[PDB]
Each structure stands twice: as C-alpha cells, then as structure tokens.
Amino acid sequence: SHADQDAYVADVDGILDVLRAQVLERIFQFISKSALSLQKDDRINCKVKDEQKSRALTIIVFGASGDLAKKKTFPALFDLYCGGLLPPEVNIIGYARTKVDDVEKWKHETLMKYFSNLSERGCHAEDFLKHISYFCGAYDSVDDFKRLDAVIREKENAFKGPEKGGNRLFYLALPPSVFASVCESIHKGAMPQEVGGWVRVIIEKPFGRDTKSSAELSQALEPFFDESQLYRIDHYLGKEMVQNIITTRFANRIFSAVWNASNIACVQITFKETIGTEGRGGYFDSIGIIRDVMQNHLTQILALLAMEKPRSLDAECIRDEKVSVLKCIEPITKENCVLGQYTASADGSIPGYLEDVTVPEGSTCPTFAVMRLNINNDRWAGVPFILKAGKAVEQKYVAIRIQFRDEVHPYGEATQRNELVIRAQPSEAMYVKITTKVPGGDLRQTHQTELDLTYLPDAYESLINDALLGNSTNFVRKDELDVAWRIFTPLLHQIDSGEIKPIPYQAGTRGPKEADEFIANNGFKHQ
Amino acid sequence: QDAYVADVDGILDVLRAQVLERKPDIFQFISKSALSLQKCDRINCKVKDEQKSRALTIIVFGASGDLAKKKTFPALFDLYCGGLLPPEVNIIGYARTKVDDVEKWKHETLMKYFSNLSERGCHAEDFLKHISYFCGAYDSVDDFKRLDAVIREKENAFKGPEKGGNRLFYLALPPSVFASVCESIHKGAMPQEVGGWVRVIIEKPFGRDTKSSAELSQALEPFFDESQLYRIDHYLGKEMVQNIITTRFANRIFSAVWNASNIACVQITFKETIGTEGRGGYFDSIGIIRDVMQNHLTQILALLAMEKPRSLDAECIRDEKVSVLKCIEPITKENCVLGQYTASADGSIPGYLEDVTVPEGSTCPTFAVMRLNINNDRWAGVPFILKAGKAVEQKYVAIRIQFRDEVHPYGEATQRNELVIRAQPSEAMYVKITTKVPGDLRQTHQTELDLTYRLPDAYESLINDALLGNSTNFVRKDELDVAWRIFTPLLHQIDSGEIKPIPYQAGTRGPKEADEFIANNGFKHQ
Amino acid sequence: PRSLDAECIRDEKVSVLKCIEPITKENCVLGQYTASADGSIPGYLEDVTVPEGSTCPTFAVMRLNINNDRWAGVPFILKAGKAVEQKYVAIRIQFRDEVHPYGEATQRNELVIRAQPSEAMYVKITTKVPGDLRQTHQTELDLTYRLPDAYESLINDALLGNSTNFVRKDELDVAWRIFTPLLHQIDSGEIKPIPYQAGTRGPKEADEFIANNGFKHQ
Amino acid sequence: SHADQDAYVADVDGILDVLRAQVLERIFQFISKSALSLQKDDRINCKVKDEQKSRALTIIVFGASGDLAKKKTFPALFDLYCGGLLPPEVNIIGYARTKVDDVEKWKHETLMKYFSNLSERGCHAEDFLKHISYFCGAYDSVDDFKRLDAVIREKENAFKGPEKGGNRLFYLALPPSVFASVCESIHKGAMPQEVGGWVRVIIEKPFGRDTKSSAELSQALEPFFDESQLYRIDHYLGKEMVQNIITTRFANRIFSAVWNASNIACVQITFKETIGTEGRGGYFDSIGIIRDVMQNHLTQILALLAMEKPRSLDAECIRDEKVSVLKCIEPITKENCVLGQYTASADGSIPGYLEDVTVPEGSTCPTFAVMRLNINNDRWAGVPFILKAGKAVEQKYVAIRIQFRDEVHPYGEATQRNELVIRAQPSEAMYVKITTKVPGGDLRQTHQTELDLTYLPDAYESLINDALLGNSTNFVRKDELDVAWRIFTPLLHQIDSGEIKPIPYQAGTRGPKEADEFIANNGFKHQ
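Residue numbers (UniProt numbering), protein chains in the order written: chain A, 6 to 31, 36 to 50, 57 to 455, 458 to 472, 480 to 551; chain B, 10 to 34, 36 to 49, 56 to 454, 458 to 472, 479 to 551; chain C, 325 to 454, 458 to 472, 479 to 551; chain D, 6 to 31, 36 to 50, 57 to 455, 458 to 472, 480 to 551.
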C-alpha cells in the first residue's frame, strides 16, 4: 500500500515523460490526443558561471553601517570573493543615512575590522575593498534612489563585457519596518535598465511574529516584487545539509522506499546551543525560542525532510512540495509542547535568563521548547515528529535523527533500531546505524556499525551565493511562510495567554526533565 | 527556443499536481484537464425580429454610481458583444452631476470597468457610441420632459419599420428616490402613444419589513404595474432556474421523489469569502437576512418547492411561487442561529467590529442559519434550511436535497442520496447514489452522476430577460409581501436583542452551533 | 525463518525453491571455451580426453523466475564460467532506478556481496558532492566489519552439528526439478554452446542476455 | 588538466621522498604513522668498472660456428675489446657441435676473417684471440655441460684477483628451438659457483611469431632463468637513441611539459631500408615486415617514447613504465594498416620480392607496412601514432618525428608546426624545428630554424655491454613481450586470413601511394 502510493506517483511521472517525449516533436490538445492513445496499448580562482561574468552586477547593501551588515553581510561577501564566486567586475555599494567624508577610512574602520583575519584571506582584504563604494541616502526619498540609479548606471555602462544593462541584488540589512518603503523606492526609480538585468531583493528576519503580522508584510512587499525576486533569508540553513536531505533520499531507491510511516518509528530535529541570551533580552524576550528558530529554521528543515517527491530539481518544484507537506501539518497544540526557561548554571558562571537588565522581571519567555507535530497524510500519519530547540544547554548540536522500526523477528535483542542521522553542528556528519555480523561463529553474534554516507563558504555565505545564482530552494516562499505561521500561531497565542508555562532549568543541563520524558513518551527509544 | 522546453514542462507540472491531488483511477483525467487548461470578431446579432423592429432606449439612473458603473454598464456591454442588444440600441446614463466632457466620462467612469477580454475589449469604442450622458434631477418633471425630448430625437430617427420606441428604465438608485423617479417618468417620459412599452428595473432593498415594503409597493403601483415592474435580484441565474424546474417537472423519476415521503431535508446555501470591505456602516442597517435570505434564497426556495405550474408561462410560475410561500410559517427565533465575523487569521479581512463605520456594540449578523416549515401536503415535516454567510471558508451557492435513507437492506453499505444544484463557484448539478463496485453485494461505492449538459452570466441573464419581457425570475408584488411576512417577526425579535450573534473567525465555516443546528434539523453528514 | 535455528533456515530454503519455475531453454545461454591467446589454457576441445564433437558447456547464463509475492517478475540470473577473465564470486542486487527527480544525475543502487577474490559487502548509492543538487557522486559504503576458509568452515560446522549450509534431501529434490528439463533439452541438442575465447568474459550473447533481462550497465 | 596529471605524479613522488627522508633514520608501520602526520601541516685503454675487474668473467658463445656468432657476435665482442670495455682477464668460449683439431686455425679462418680490418683495430686482432677457447659439445647432454663447467672453473680459479667464483654470460647464438634444452642444461650443471658469480643469458630473435608461440617459449625458459637474468636482445636498439628519448624529455621541464595530447599533433616512428630480401625468403616470407622490426624494434622505441614518468632511472622502473603504456594500446586494426610488397625497380637493377627461388610463388607477404596505433590514456588519447617500416624503399632512415600543434594565433602563416626529430640512421641527429625572428623590421618576418640538441660501440655492441653491466633497460621483459604480441597478433591473423592485401610498389620508391595518403589522413601536415 505504501509501495502503491510511490508507484502511483512514479506511474504518473512516467506518463508525463512519454507525453513530454512526443510533445517535443511538433499545444494542449496534443496532450489529450496522446492521452487516449497511450491508454490503448593564494590566488582567488574564479569559479563563477559564464552568464555571471557576462553582464554587470551591483550588490547594494542597504543599512551598511548597521551591526548585521558590517559584522555579517560584508564579511560574508568578502568570503565569497576569496572563494572566487563573486563576478570579477562586481560592484558593491553600502547605503546608509550618515554622511561620510573619507570613504576609504569607512571601509577600513567600519567594515575591515570585521573581515576574516585568517591568513588565507588576510592577503585579499584590500583587493575586495576596491569593489566597494559608499552612498549616503534615506530609505523613502524618491530623490535619493534616482541619485543611486545614476550612480549604478555609471558603474554599469563602464562594464567591459558583452551584454548591456546590469543585474542588481538589493540587500536590505534593515529593520523590517522599512522594507515596504525601500521596496517602493526601488520600484519607483532604481530598478535595472530596460535593456537587461534581473532584480532580486534579500530581506531579513523577523518575517512577522504571527500569521497576521507576517501576511501584512507580504501584502506590503508584493505590489513591488514577486516570488521570483524576493528572497527571505535564513542565515542558518546550509547547502550541505539541504543536499544531504534531498539527494540522499530522492536519488536512492534504498532510502526513498523507507521514508514513510511503514518504516519510520520517530523523527527528531534538534537545535541546541550552549550560549544564552545575556544582554539581548532587547530582541529575544519579545520573540522567544519558538519564533526565533522553530517556526522558521526547524520548519524549513522539516518541510525538506517530509515533502513528497518533486518532479524535478527546479527550485519552484521543490518549493511547491514544501508547501504541500506543510499544509498537511496540524496546528501544534499546547498538549504537545514542553517549554523551558534557563536559570543560572550550577557552577554559577552563566547568569539566568531573568538576571538581565534588558529582560522584563518575571518574564515567562521560553528559551527552550520540545514539541510534537502530526503530519496527516498517507506517508506520515501516526509518525511522531519532534522539534527541539534550547538555549544555554549542554552542547552545541544541530541534527536530524530518524529512528526506524525494529525488526524484532528473528534477531530479537541481537538487533535494534536502525537510525539515520544528519548532523550540521558542531560539524557535518551523516550516518546510518545498522546491525552487522561479526567474523569468528553464531548468527546472533552481531555488532552495531555506523555507516558514513559522507563523500567552502558557510551556511549564510552559500545562501547569498544561491541568490546571486537565482536559486530559491532554501528560501521561504510567500505561501510557504503563511502556512508555517498557521502551524505555530495558535500555540503561540495559548503561550501568550499563559495557558502553558516554562519549566526552569539550570544553564548547562539538557533542559527540563519533563522534556525527555515527553520525548520518550512520543515513540523514541534510547540506544 | 530553450523556452519551449520550459513552458511545456510547466504545463506538465500543473497536470502532475492536478492528478496527485485528485488521484484518479489517469490518461482520461490528463485529457480532460488539458482541455480545461484551454477551455477582431464581428458581432453577429442574435436578436428577435420584434426586437429589431422598433427603437430601444435603456436609461440607467445613477449612472456614475458604483452599482451602475461597476455592474450595470459592464453587463450591458457584455450583452452588446453577445449580440443580445438590438443594433440601433440607445443607452443613456442619467445622473445629477454636471460633466464638461461626456467622452472623458465614458472612458473614465464606464470603460475602466469593461471586461478587458481580448474578444470584448475591441468592441468598447463601438459600444460607447451608443451611450450618452444626461444630467438631471430625480424628482423634477421638467428634467424628464427634457430627457423625453432627447429620446424622441433618437427614436424618431430609427432606421426601421415600427414607429415610437421601447423604454427600459434602470433605477440604479437608493429605494428612497424610486417613487419620485417613477412619478417623474409617468408624467414626463413615458413612451410615445404611437407605440412602445415601458419597463422599470428597481434594485433592493425593497423595504426592510412587511410594512415598509408594502408602503413602497403602494407608492409605485399608480405608475407601473406588475407587467412593467421588474424587481431585480442579481444572483438568480437562468441556468440554475432551468435546473430547478426542468430536471424535476419533465421527469417522472424526479417528480416522484420531490416530496415529504422521500426527502429528509433541503438546504439552500449562500457563502462568500469577502467581508463587508469598509462598507460595514451600510450593511449594519440591513444584516445578512434582509441582504440575501428574505430575497435571493427565498426565491430559490419558492421555485424548488412550488406545486406544478399550469404552464411554463412566467405568470403561472409566479402564481406557484406565491402559493407555496403562503404555506410557510413565520420563522421563529428558536429556528435561527446568527454569527458575526471576527478578523481572519492573516488579517486580510479585519473583524466586522474593527470597521470604524460600524457603530460600537453592533449586534448585526454577517451569518445566519435558520429553518423554515412549509405547511402543505408536499412538504409537511421537511426541514428547509437557509444558510448565508460572509467571510466564511469559500465562495459557494447551492441547493442540497438529501433524500431519506434506505436502512434495509444495505445498512451501512449505503447512505442518503443527494441531488445538488450548484451555481457557484461554477455550475454543476448531480445525484449522489450508491452503486455496486466491479463478489459481495455489501461492497458499494458512492458515485456522482453529472446531470448537466461564453453564455451570459446571471445578472446579464436577468437584464436580457427584462428586455424580452420574461418575468419569471423577478419577485412579484404579492410574492414579495408574503416573503416579508415570513421573516418580519424574526427580524423584530432580532432587533429587540432576543437572539445574539455568535462570533466566528473570518475564513472559517462559521459558528460551530450553526453546523450542530443543521445536524439537529434532519441533515446527516456521512 | 521462524528462528535462526538450522532446520528453520532449511525449511525456508525449501519453500522458496518450491516457488521457482523450471528453467526454459529460451532463458539459457551456453558457452564453450577455446584456447586462450597465450595458449596457457588449451581449448576445451584440444583436450584429448574430450570426445570429438563435444557440446558440453563450460559457461552458462540463465534466468530463473521465482513465482511468489516477494519476487514475482524479478529476474534472477545465475552465471557460471570457466576460463573467463577473472576469479570472482558475488551476488549483485540492483535496485529500481529513481527516474524523478535526479534523472541522469543518479543511477540504480546496488548491494554487492562478494566472496572471491576477497570478501566484500557494500552498497552503491548516489550522494551529494561537497552548489547544484544535480552535482552527484556514486559512492560505495563498506558494510563489512586468520579465520578458517569456506571449506574449513563447513567441516567445523559438521563437527558442531550445524546443518544450515548443507542441502537437505527435500531441498535437493526441488533443486533438481528446477534444472532437469533444461538439462534434458541441452542433452537433446536444442541449445548449442557459443564458442568464447578463454580469458574473455564469455560469449557476447550472454552479456546481451543479462542486459535484456533487467540489468543496466551505467 | 594535463598540468594537474603531471602535478599529481610529482606530488605523490614528493610525498614518497619525504617518507624516504624520514624512514632513512631508524618497517611498513612507520610509513602509515608518517603518512597521517605529513597530512597535518693505439692502446686499449681499460674503461671497465671496479666490480668488473674484481671477479672472473666467462662469456660462452653457444653455436659459435653459426653465421650469427662468427659474422656478428664475435666481431662485436672484438670491438668491445678494442674499446676497452671487456675485463682484462676475460675468458671467451665458443661452443659448437663440430669437433675441431687445430683450435688456432678455427679462430683465424672461422672467426678472424670477419673481425674489423680497420687499422685502429687490425693491431688488436691477435691480442683478442688469446682470450678465446673452443669447446665441442651438444646442447642437451648433461655430460657436456658438466665438462664445460670443469673447463670454466679451470679458467675461473686461475683468475688473479680478489673475489672468488666467476660471472657467466651465456650467449645463445642459436635457433630458438634449442633455447629450452640449453637452458635446462646450464641449470643442471654449468651455473656459476655457489661462492659467487651472477649468471646471465642472452637469447636471440625471433621470440615467437605471435602471442601463443611467444608465451610457450617464455614458459619454457622461466623454470630455469628469471627476468633479472634473461636478456632478449634487439640488435638495432642503440644506447644513443634510447638516451635521446629518455633524457631529453624527462630531465627537462621544457620538453616534459609538452609531451602529451594537449601539445602534440602526431608522432611517426620510421624504419626504412634501400636493401631488399633477395635470397632470404628463407627467413623473411614466414615472418614479414610487421614481425621482423615492428612488433619488436619499433614498439620498444614507442614504449620508451610514450611511457609515463618512472620514479628513477633504475632499469626495472623504466621497464615497469614500458609495460604500463603498452597495456594502454588498442590492438591494431586492419582498418588502420596499409601493406606493401616490392616489385623490381623501374631501372630493373633490383629484382622484385616474388622474383626469388626461396620465396613461395604468389606470396602475399608484406615488405612494407604503415599503421596507426591508438594509445588510450590521459596523456595520449586521440594522438595519432604512426609506425612505418619498409624494405627496398628510397633511403636508409630511422627516426622519430614528433609534430606539435600549430599556434595559429597570432602569427598565422608566419609560423608553422614545431617538430622534434630523433634520427639514428643513416646517422645520429636530434633537432627541434621552431620559428624565430629575423634581424633587419616587422614582427611577422620570420624564419624556420632547426635547433641541434646534440652534444664508440655500435647499437649491437652497446647492448652486449649493457648486459655485461647488468642493465636491462633496452631489453624486452617477459610481461612487456606478451603485451606487445597482444597488440599485433589479431592484426597478424587478419593478414594471414587474407582480409587485407599488400599493394605493389617498385623497389626504390617511397612505397605505395596509398601509404602517404594514409599518413596525411592521420593528422600529419607536410612542412
């Protein structure tokens, strides 16, 4: 029955392929006619693409003096440069409100301080600054963007290459409250030239804090930029993990056939940090652990892991699949959620969550959450999916763990549950645990063995790269974002209404003992 | 063309997604989705010889109003493109505001709202040539005499055999000015004695209770009679009414089951996803019952429940509409559940009370389920349920007739048959029955039999009907009176606060209590 | 098996063999070796103790059909050859391809259990290469963690009284019923061995037979 | 990519060198430990060698009365003597079946007639004969070899030098049919004394006539003598050409870096003689031009020229390389071979091949062959290699010609293909053709110039010398010989089966016009 669902998809896809094979030799009405008839039977080595070095490119980092841009975005562009993935004629413009006199001292004192000191990159720092300009403006004056437009065209017409016009990535390293005006501004007069050039806009979290707030922003931006252009970025989702999820499964019959209710006992996605929040109640307390990394980061990982088979690796096909599976998820219930808030470490080195000037005294805000999701579809019905996130815990870990059902017969206690782990932190690792024979001679003399399925810019860097390459896969689409918010918002309301409460846990522990009881009571068996 | 490799792949991508959602048993589904994925011409004149034999003038009062410019004029345009207006048709937009440039007015106020369809848009300029603007009062006899002269002008120039002219007056106005417009027409701009009829379309609301409605009917009747008067309900399509009347009355099978001994319940449902959209203030005076239930749903009920007409002539159908309505008991508060929408989850629809033009403490229902009792031989003890809702989970209008179950012998291997007539979001009509599956008789399948074989839309259908003089789908004076007597006690109870609307979230089905009410009044889910 | 006891394993050996249809001549390609290029292996017919006109096969590929729920329509191919290109004994399970979505960026997974010329057991899968998902690599996962050799293992087994790897009487009977019609057809001359040169893989027709019965090379 | 292959070899060799540098200061397990840790980061002037004049040496020329021995081997030993490369105590024994009475008249009438008359050597003839003995025996009687053994020990114990025992070179100037018995005979009782002495055995062509025949001989000899002892000799491969091939390339970055597919357009190895076969159909007709010089002589030249880089100049390292590259050669096809047979010269002075009593009338035997080999490896894939051999042609020539790809841009017709020529006959010559500027002044005014890369016993003599010195480089090893035969045998079969036929050509012409068309159609452009 599980085999027939997959077979039905594979049949449909096979029928579409033979239509495709025909309708690529000389119209909708040829589909219907063929349907009836089928029935009857060191130096930066440039790695960039040709199209990439074929037209001009300007990256505009708006809010260029803000912490995010100088400490993260520009150092990330710097690494892409060093790794030979920026086009060689790349123009980069930091835009910001403060007027500046010595442009070169700004690049050095505001930007360079934060570049990578590593000796493999030290050499290139000054090289990369030749590509950077400064521009002083506001985020709402149509004037300033007409001025910017002229500056961009200056650099664009100066390009020494075949195609005219210029591609423009607008990076809004800004508070979301200004996204709408900046976007309207770019629409009114800083879009790429008519002759040629794509436009793309990277926007930064938070993408609202609930269904309502998030949809307001989407409605606000959608008059000016469509889903082929907008790129809602998640700093923590890396290429390497996404490929581990998609390829390992979908390229391989062995894994594909077991990726279902009939074979999987339980699935946990875990995001754990030893660091706390000290001195950042300024952002965190309003947000909480669920909105911070679970609604956005863990849920995209879930979507990629649980989705049905896309017909191809085209980005929007994958995104279609993320949306369909997210739509099968029941809104999380307060009955399926255990919350924590951290207090001071036993040793007394790390201070508790409430022990912070920037945190409302008596705050009830969760720094820890374990929850069970139910995915109601043919593939997943009944399978526990556990999401876990926690700050100030025992170790820094990010992994998927899939636990498969035991074969009780006939090995019994001489075997145990196979598992598959996809780890991204503290380092990349992907393995299956299986039971093998030992040499030298009874059949029940067995070992556990971990098979290593394993065969560079970091997560953030590779997202900027994908956006330059025009690949939307790992970016949350508008519809996708809405559904995710609908999965979490009702629980978030019950939390704000006090209906469930965080359990205290000392910084440096696993978290609340009740969380582990919860996990073990939701289908997981300790190895 | 590496963008031919692309677009067909997207086509396939859409087909794929269709089949994986619906999951057919696949070639034929792909076949019939390819054809649903497809689905400078001269206007061929489809008009009768009586219609081309005399001049026609259509006068839209309130022409610069939202109803007339967004709905009436685009409708007339569609009829023009469809060949359903005579070739020499004269249409006059009458309004109170002076206009420097009538040609600008035509482009900016009307053409803006014409269907931007390829096979329509290229007639727009030809259509505007049939349209004039006229500036006047709605109550001054001299203005209608000046209108009369503007019309006679066009009539007396008619390039055709009969003299005089037919005049359709469309009153796209508040009901408060109808009496004065009608009187003004009576005294000032009736058709020429030499020849032509006068017809007058008037828009809802037709009062807000028995008394006010009767007052309004008495205020109009000295000027126009029920052969002239056309109380339009925009939603009642020709296609759904043929479904209701022919399927039943032409067939022994459906005639024979259309009664108390075979029908468990009947539900007439009107659902929209839109809210009041800023215009809460206006709606707050009316409420959902007066808005669509006392008028639209009740006409549907009438047609569904009537005895057999002495003929298929319009007034015979109307007589039967009247007779069955006369058998309906006034709705009680106990047989009524009210709702009032709150904000949608994504906030695209603000709550009904969030609208600043809605007064604090409003108790106005945006949703209503109720039960009517038709006390006659055909219907005694059969629950008729009317349901109407704004800001619910989908856009949908349908009749669902559920027949009594056959307990023996199939037991749980069968369930209640249904006949469904849907008008929105598309036309369908079908029966759910149980059939065998291709050893045991107990192995059965619920199956749907499609009974249903650019036509004009429901509103356009009614305007065409009024041009041809077919009264069928218009509420007659006596019919209207009786309809108000069904609902007015309930409305009084509601206005005295005896029933309170239950809050529901916009985008949901409505209050859980409304579904329980349906399930408690003869409906089974299965 | 109902358990890992020897006779339970043997019961199951018997049951599955009982589901196999007798091999037909049409599902059999025969070979007979000729002299190696360097003459180190004289041709089969050059041996004086071989009678003139011998039609005896030194090589055989054939297909068996296991008619049960688990195996219906799965080709099982047995191949045995003398004087071919290498010394080798292995099981190769090839899994069905995932056409969508990787297309030509993937290929059929395999599980291989080799005993000769050394023990190996491994799965071929496709994995990602460390931007595009379409960039993939075929990789081999070793599943295998002076022990006695195969023959010594069996004698030890007989000393300990473990029957597992020995053909039981009923099992044997059933095995003969799989092959005997084919052997009769072969002894009546209805199939003729194709000459192949010693040191080569065997007749080209044997490889084509494999490729025509569900195996893809890639 | 071509640069990365060479770089990979040079890296590996560099890693092995640092292992070598460590593991020469105090075991396999030290390789693995150092591997992980490297990751984390007139009168004869005697020219002979000391070892040579340090132990006794007996050269036994078996079949000493045969034509080969008296006309070639003994005169060749005579020249080595004159050139001061035989040890001064050298014993030389001619062995043969005829019983002889006056040993001194045999040396004079059978041997001396054929020594070099040249006045620089005339003087030494009688000197060299003092070193020669005669021995009468058969090639299968264990008795005779025990008798020989005693005679050798006689001469060996009489040696007036430090080390005891005696080194023995057995030279089988014999028909190959007797190699096996003579070798068994020497094994049974004429090997060097236990105390000391190497044994070496020179055997003479033909080494079979195909894969099967050649491997029989190898199996026959290998019970008695291994590959450090057996010396399959090719009279025509000279030291001077071998060094030109190996040194010029492998000692020099300039040549090494261009010795590949990416730079070379085509390569021809040519062996041409004006002489015919008259009165030697007795050997030739059974053999043909392909087996005579192409399978054996041209192919060793090819191997040396095409081989990958050996880690050192140790002989067996070079031979390993000859084998690996030979293994990359596709068996020659009849589609890639043009054959000729010569008829009488136009002038009518040289008689045709069939015009000979010792030649089967109607013989189809090729006196001429041009063929294309494909070497399927990273270095050579797609590069035409043309072998050409012909008897009774226009000139006596033996040369390698390497034709490099044109640099079309930017000199155009003011430049042409560089070439490298290594000639051995009619005289030694090695040059590159390149394009230079002329003085007195446009950049496109250019000349062709041949650079001379040039800075003594003959070919045969220097092979006997290498064998005395124990150097196997220019001798075909057992595995090497097998692979070469596998490259040629299938074509030789198609030839014997008549599937391609020789074209007639008049003695004294280039050969068949079709051969030159063939060459020009296989990548070569005339200068």
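Just so it is clear, CB atoms sit at the ideal spot from N, CA and C, and this is done for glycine as well.
Listed by position along chain D, the residues whose Cβ is nearer than 9 Å to that of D371(C) form an empty set, because the closest Cβ is around 16 Å away. Contact note: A230(D) reaches chain C through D362, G363, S364, using a C-beta cutoff of 7 Å and chain order.
Unbroken beta strand (DSSP E) stretches of 3 residues or longer found wholly inside the stretch 351-417 of chain B: 352-358, 383-389, 399-405, given in chain order.
In the structure shown, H464(C) falls within a strand segment according to DSSP collapsed to helix, strand and coil. Counting along the chain, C281(B) sits inside the beta strand (DSSP E) bounded by residues 279-287. With contacts defined by Cβ atoms closer than 7 Å, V216(D) and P207(D) do not form a contacting pair. From the beta-carbon of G494(A), no residue of chain C is found nearer than 9 Å; the closest lies around 11 Å away. The straight-line gap separating the alpha-carbon atoms of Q38(A) and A44(B) is approximately 7 Å. Residues of the same chain with a CB within less than 7 Å of the CB of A396(A), apart from the 5 flanking positions on each side, are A276 in chain order. With contacts defined by Cβ atoms closer than 7 Å, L320(B) and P526(B) do not form a contacting pair. Close to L144(B), with beta-carbon spacing below 8 Å, lies no residue of chain A; the smallest spacing is near 31 Å. Counting C-beta pairs with one atom in each stretch, the stretch 356-368 of chain C and the stretch 520-534 of chain C have three or more that are closer than 8 Å, which means they touch. Residues of chain A with a Cβ closer than 7 Å to the Cβ of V453(C) are, in chain order, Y472.
Counting only residues of its own chain and dropping the five nearest sequence neighbours on each side, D371(A) has a CB closer than 8 Å to the CB of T292, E293, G294, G296. Pairing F77(D) with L232(D) gives a Cβ-Cβ distance that is not under 7 Å. Looking from the CA of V340(D), the closest CA among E504(D), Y149(D), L24(D) belongs to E504(D). Under the DSSP assignment, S148(B) falls in the beta strand (DSSP E) whose first and last residues are 147-151.
Straight-line spacing of the CA atoms in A361(D) and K537(D) works out to 16 Å. The beta carbons of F160(D) and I218(D) sit about 17 Å from each other, so the pair does not count as a contact at 8 Å. Neighbours of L21(A) across chain B, judged by C-beta separation under 7 Å: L21, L24, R25.
With respect to the 7 Å criterion, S69(D) and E209(D) are not classified as neighbours on the basis of their beta carbons.
Per DSSP, the continuous alpha helix (DSSP H) segment holding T314(D) begins and ends at 314-321.
Taking each of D335(A), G81(A), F270(A) in turn and checking the Cα distance to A111(A), the smallest one comes out for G81(A).
The C-beta of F37(A) comes closer than 7 Å to at least one C-beta of chain B. Separation of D65(D) and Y446(D) (C-alpha to C-alpha, rounded to the nearest whole angstrom) is 36 Å. The secondary-structure analysis by DSSP pairs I437(D) across a beta bridge with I415(D), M445(D). CA-to-CA, the gap between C343(D) and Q465(C) works out to about 25 Å. Here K452(B) carries a strand assignment [DSSP, helix/strand/coil]. If you check the CB distance, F542(D) and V408(D) do not come in under 7 Å.
Between the stretch 22-31 of chain B and the stretch 136-149 of chain B, the count of Cβ pairs shorter than 8 Å is below three; the stretches do not touch. Think of a sphere of 7 Å around the beta carbon of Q10(B): no beta carbon from chain A falls inside it, the nearest being about 11 Å out. Rounded to whole angstroms, the Cβ separation of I304(B) and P375(B) is 17 Å, and the two are not in contact under 8 Å. Scanning chain A for C-beta atoms nearer than 7 Å to the C-beta of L163(B) yields nothing, as the closest lies near 44 Å away. For the stretch 262-285 of chain A, the set of residues with a beta-carbon nearer than 8 Å to any beta-carbon of chain C comprises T262, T263, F265, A266, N267, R268, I269, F270, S271, in chain order. Close to chain A, meaning a Cβ-Cβ distance shorter than 8 Å, is no residue of the stretch 73-91 of chain B at all.
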